[PDB]
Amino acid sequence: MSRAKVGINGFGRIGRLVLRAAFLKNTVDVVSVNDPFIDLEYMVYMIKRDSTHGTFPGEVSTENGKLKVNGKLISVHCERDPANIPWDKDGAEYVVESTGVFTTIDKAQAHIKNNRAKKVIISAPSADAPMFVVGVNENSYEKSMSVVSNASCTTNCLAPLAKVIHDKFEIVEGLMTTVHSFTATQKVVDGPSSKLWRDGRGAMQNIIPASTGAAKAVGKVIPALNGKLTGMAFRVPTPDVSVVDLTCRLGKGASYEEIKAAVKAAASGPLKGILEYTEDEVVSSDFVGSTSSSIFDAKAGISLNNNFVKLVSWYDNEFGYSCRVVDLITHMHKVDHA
């Protein structure tokens, strides 16, 4: 009994797929959704239909102004302002800030005031809000914190992998590269982008050397690896799934077969679920729907020697991350209401 009641503000890509993960894992209960740029009737469409993840494997309709999903009514809102959503009346405790526009404790506090929702969870790396990665520092969550962060989805891939290698071979220093699928933030043709010019170029016809602090933010998830990690991104013409290309220096001399054994041991043990291990000839479509945060590709990895190796790990940047959002809630609820 006593499941966590959850609400969502920002029904984007990384906000609808989080909703999918909820009815799958069944670890929490969604009760509310708010998005002013999306109509209610539209919402059923975007849930039922998805070009990446297929149609919803349940029942979706409308009960009397409420979105019924797999036999569960959810109230819908559409306030331009985030502090104009009455979470209390829906019974929501934890709000998911997936609009990605209120990524600060000051802005996200707009959900918490007037006693409405207790904790706010930002589905992006935050500057002031304490970021968390379910693999590593999910336990660092103290009850006195309201607005958290689940870091970036590249971070959710690298950080768990970094922990294993570092804790077992000691990562002296490393540089990361993520071959990232394109995201909502890109253009179908050479369009406007007054800030990030490269990010405006046609998404299908370009390899776009983007940037990311995800690897640099691994330091915030793993403090022992602070300033020892950073890296950039390549955004390539694929709808979903991404891979991390880590190259680093280990403290202990270890052969690749040794590395494999440790990772295989982690993905089976304490990281059963966050980290996964395979030795198959996979590509970036064998992971569409993977709940894991990192899938170590043993085969594609290469070792120059025993102190300098290149590692590769996949992740569903959309759905793996979505699941880790659902996990962070369960943990909190487990921690605040117990």
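Start at 1 with the first residue shown and count on from there.
Mean C-alpha B-factor is higher over 56-64 than over the other stretch, the pair under comparison being 309-317 and 56-64. Between 96-104 and 182-190, the higher mean Cα B-factor belongs to 96-104.
Of the residues listed, 238, 205, 146, 150, the entry assigns the biggest Cα temperature factor to 146. Out of 39, 281, 276, 50, it is 39 whose C-alpha atom has the highest B-factor in the PDB entry. Per the PDB record, residue ranking by Cα B-factor puts residue 69 in the middle third of the chain. Among the modelled residues of its chain, residue 252 has a C-alpha B-factor that falls in the highest third according to the deposited record. When all modelled residues of the chain are sorted by CA temperature factor, residue 231 is found within the highest third. In this PDB entry, residue 24 carries a Cα temperature factor that places it within the middle third of its chain's modelled residues. In this PDB entry, residue 167 carries a Cα temperature factor that places it within the highest third of its chain's modelled residues.
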